[PDB]
Amino acid sequence: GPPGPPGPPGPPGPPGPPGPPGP
Amino acid sequence: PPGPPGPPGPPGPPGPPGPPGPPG
Amino acid sequence: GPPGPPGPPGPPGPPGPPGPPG
């Protein structure tokens, strides 16, 4: 038997870093 | 007959920085 | 048959939170 299909995409990455201080 | 599907892939990367905060 | 390979990476996560007040 041949290999199965690839699994599905993994989960989304975490939130990004906080933005910078305001003006 | 094909084997079973592979596992889920790795997590994606972190998102981009948030926006600047408000002026002081 | 053997198992398939791992899937691709997930999408990037969302933008982080706003920075602090200036």
# chains A, B, ... in the order shown; residues from 1 in each chain; ligands from 1
>>> residues_around(residues="stretch 20-23 of chain A", least_positions_apart="5", cutoff="10 Å", atoms="only C-alpha atoms", output="PDB file with C-alpha atoms, in the first residue's frame")
ATOM      1  CA  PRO B  17       2.839  43.567  16.112  1.00  0.00           C
ATOM      2  CA  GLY B  18      -0.265  45.359  17.270  1.00  0.00           C
ATOM      3  CA  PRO B  19      -0.821  49.021  16.480  1.00  0.00           C
ATOM      4  CA  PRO B  20       0.744  51.879  18.390  1.00  0.00           C
ATOM      5  CA  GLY B  21      -1.039  52.746  21.651  1.00  0.00           C
ATOM      6  CA  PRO B  22      -2.856  56.088  22.033  1.00  0.00           C
ATOM      7  CA  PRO B  23      -1.073  59.415  22.446  1.00  0.00           C
ATOM      8  CA  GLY B  24      -0.199  60.367  26.048  1.00  0.00           C
TER       9      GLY B  24
ATOM     10  CA  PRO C  17      -2.543  44.080  21.192  1.00  0.00           C
ATOM     11  CA  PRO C  18      -2.082  47.810  20.921  1.00  0.00           C
ATOM     12  CA  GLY C  19       1.005  49.380  22.502  1.00  0.00           C
ATOM     13  CA  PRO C  20       0.695  51.369  25.732  1.00  0.00           C
ATOM     14  CA  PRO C  21      -0.243  55.082  25.796  1.00  0.00           C
ATOM     15  CA  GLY C  22       2.662  57.429  24.905  1.00  0.00           C
TER      16      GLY C  22
END
>>> residues_around(residues="residue C:2", least_positions_apart="5", cutoff="8 Å", atoms="only C-alpha atoms", output="PyMOL selection string")
(chain A and resi 1-4) or (chain B and resi 2-4)
>>> atom_distance(atom1="atom CA of residue A:7", atom2="atom CA of residue B:15")
23.1 Å
>>> residues_around(residues="stretch 8-16 of chain A", least_positions_apart="4", cutoff="10 Å", atoms="only C-alpha atoms", output="list in words")
residues 5, 6, 7, 8, 9, 10, 11, 12, 13, 14, 15, 16, 17 and 18 of chain B; 5, 6, 7, 8, 9, 10, 11, 12, 13, 14, 15, 16 and 17 of chain C
>>> write_last_selection(atoms="N, CA, C and O atoms", output="CSV table (one decimal), in the first residue's frame")
chain,number,residue,atom,x,y,z
B,5,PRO,N,-4.1,9.3,6.7
B,5,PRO,CA,-3.5,10.7,6.5
B,5,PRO,C,-2.5,11.0,7.5
B,5,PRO,O,-2.5,10.4,8.6
B,6,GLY,N,-1.5,11.9,7.2
B,6,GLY,CA,-0.5,12.3,8.1
B,6,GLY,C,-1.0,13.1,9.2
B,6,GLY,O,-2.2,13.6,9.3
B,7,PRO,N,-0.3,13.4,10.3
B,7,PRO,CA,-0.8,14.3,11.3
B,7,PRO,C,-0.9,15.8,10.9
B,7,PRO,O,-0.4,16.2,9.8
B,8,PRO,N,-1.7,16.6,11.6
B,8,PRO,CA,-1.6,18.0,11.4
B,8,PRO,C,-0.2,18.6,11.3
B,8,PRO,O,0.8,18.1,11.9
B,9,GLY,N,-0.1,19.6,10.6
B,9,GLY,CA,1.2,20.3,10.4
B,9,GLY,C,1.5,21.1,11.7
B,9,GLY,O,0.8,21.2,12.7
B,10,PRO,N,2.7,21.8,11.7
B,10,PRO,CA,3.1,22.6,12.8
B,10,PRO,C,2.2,23.9,13.0
B,10,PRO,O,1.6,24.3,12.0
B,11,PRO,N,2.3,24.5,14.1
B,11,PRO,CA,1.6,25.8,14.3
B,11,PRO,C,2.1,26.8,13.4
B,11,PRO,O,3.3,26.8,13.0
B,12,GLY,N,1.3,27.8,12.9
B,12,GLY,CA,1.8,28.9,12.1
B,12,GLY,C,2.6,29.8,13.0
B,12,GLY,O,2.7,29.6,14.2
B,13,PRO,N,3.3,30.8,12.4
B,13,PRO,CA,4.1,31.8,13.1
B,13,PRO,C,3.3,32.8,13.9
B,13,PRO,O,2.1,33.0,13.7
B,14,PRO,N,3.9,33.4,14.9
B,14,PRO,CA,3.2,34.5,15.6
B,14,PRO,C,2.7,35.6,14.5
B,14,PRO,O,3.3,35.8,13.5
B,15,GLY,N,1.6,36.3,14.9
B,15,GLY,CA,1.2,37.4,14.2
B,15,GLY,C,2.1,38.6,14.2
B,15,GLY,O,3.1,38.6,14.9
B,16,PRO,N,1.7,39.6,13.5
B,16,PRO,CA,2.4,40.9,13.5
B,16,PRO,C,2.2,41.7,14.7
B,16,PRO,O,1.2,41.5,15.5
B,17,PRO,N,3.1,42.6,15.0
B,17,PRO,CA,2.8,43.6,16.1
B,17,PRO,C,1.5,44.2,16.0
B,17,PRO,O,0.9,44.5,14.9
B,18,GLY,N,1.0,44.5,17.2
B,18,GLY,CA,-0.3,45.4,17.3
B,18,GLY,C,0.1,46.8,16.9
B,18,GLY,O,1.2,47.2,16.7
C,5,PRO,N,2.6,12.3,5.3
C,5,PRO,CA,3.4,13.2,6.0
C,5,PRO,C,2.6,14.2,6.8
C,5,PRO,O,1.4,14.4,6.6
C,6,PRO,N,3.2,14.9,7.7
C,6,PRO,CA,2.5,16.0,8.4
C,6,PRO,C,2.0,17.1,7.4
C,6,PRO,O,2.6,17.2,6.3
C,7,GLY,N,0.9,17.7,7.7
C,7,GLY,CA,0.4,18.8,6.9
C,7,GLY,C,1.3,20.0,7.0
C,7,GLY,O,2.3,20.1,7.7
C,8,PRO,N,1.0,21.0,6.2
C,8,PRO,CA,1.7,22.3,6.2
C,8,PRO,C,1.5,23.1,7.5
C,8,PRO,O,0.5,22.9,8.3
C,9,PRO,N,2.3,24.1,7.7
C,9,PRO,CA,2.1,25.0,8.9
C,9,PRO,C,0.8,25.7,8.8
C,9,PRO,O,0.2,25.9,7.7
C,10,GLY,N,0.3,26.0,10.0
C,10,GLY,CA,-0.9,26.9,10.1
C,10,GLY,C,-0.6,28.3,9.7
C,10,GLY,O,0.5,28.6,9.5
C,11,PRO,N,-1.7,29.1,9.6
C,11,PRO,CA,-1.6,30.5,9.2
C,11,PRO,C,-0.9,31.2,10.3
C,11,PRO,O,-0.9,30.7,11.4
C,12,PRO,N,-0.4,32.4,10.1
C,12,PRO,CA,0.1,33.2,11.2
C,12,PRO,C,-1.0,33.5,12.2
C,12,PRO,O,-2.2,33.6,11.8
C,13,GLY,N,-0.6,33.8,13.5
C,13,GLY,CA,-1.7,34.2,14.3
C,13,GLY,C,-2.1,35.7,14.1
C,13,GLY,O,-1.6,36.4,13.2
C,14,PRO,N,-3.1,36.2,14.8
C,14,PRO,CA,-3.5,37.6,14.7
C,14,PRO,C,-2.6,38.6,15.2
C,14,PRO,O,-1.6,38.3,15.9
C,15,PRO,N,-2.8,39.9,14.9
C,15,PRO,CA,-1.9,41.0,15.4
C,15,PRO,C,-2.0,41.0,16.9
C,15,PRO,O,-3.1,40.7,17.4
C,16,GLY,N,-0.9,41.4,17.5
C,16,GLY,CA,-0.9,41.5,18.9
C,16,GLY,C,-1.7,42.7,19.3
C,16,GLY,O,-2.3,43.4,18.4
C,17,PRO,N,-1.7,43.0,20.7
C,17,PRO,CA,-2.5,44.1,21.2
C,17,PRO,C,-1.8,45.4,21.0
C,17,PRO,O,-0.7,45.5,20.7
>>> decode(residues="chain B", atoms="C-alpha atoms", output="PDB file, in the first residue's frame")
ATOM      1  CA  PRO B   1      -4.774   0.691  -0.227  1.00  0.00           C
ATOM      2  CA  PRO B   2      -3.291   3.947   1.006  1.00  0.00           C
ATOM      3  CA  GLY B   3      -2.275   4.445   4.563  1.00  0.00           C
ATOM      4  CA  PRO B   4      -4.045   6.977   6.754  1.00  0.00           C
ATOM      5  CA  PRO B   5      -3.538  10.706   6.498  1.00  0.00           C
ATOM      6  CA  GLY B   6      -0.482  12.271   8.118  1.00  0.00           C
ATOM      7  CA  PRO B   7      -0.768  14.325  11.319  1.00  0.00           C
ATOM      8  CA  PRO B   8      -1.637  18.048  11.399  1.00  0.00           C
ATOM      9  CA  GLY B   9       1.219  20.330  10.434  1.00  0.00           C
ATOM     10  CA  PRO B  10       3.098  22.600  12.805  1.00  0.00           C
ATOM     11  CA  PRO B  11       1.567  25.765  14.301  1.00  0.00           C
ATOM     12  CA  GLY B  12       1.813  28.872  12.098  1.00  0.00           C
ATOM     13  CA  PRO B  13       4.063  31.770  13.135  1.00  0.00           C
ATOM     14  CA  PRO B  14       3.188  34.537  15.552  1.00  0.00           C
ATOM     15  CA  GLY B  15       1.172  37.384  14.173  1.00  0.00           C
ATOM     16  CA  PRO B  16       2.447  40.881  13.500  1.00  0.00           C
ATOM     17  CA  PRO B  17       2.839  43.567  16.112  1.00  0.00           C
ATOM     18  CA  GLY B  18      -0.265  45.359  17.270  1.00  0.00           C
ATOM     19  CA  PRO B  19      -0.821  49.021  16.480  1.00  0.00           C
ATOM     20  CA  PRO B  20       0.744  51.879  18.390  1.00  0.00           C
ATOM     21  CA  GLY B  21      -1.039  52.746  21.651  1.00  0.00           C
ATOM     22  CA  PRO B  22      -2.856  56.088  22.033  1.00  0.00           C
ATOM     23  CA  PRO B  23      -1.073  59.415  22.446  1.00  0.00           C
ATOM     24  CA  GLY B  24      -0.199  60.367  26.048  1.00  0.00           C
TER      25      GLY B  24
END
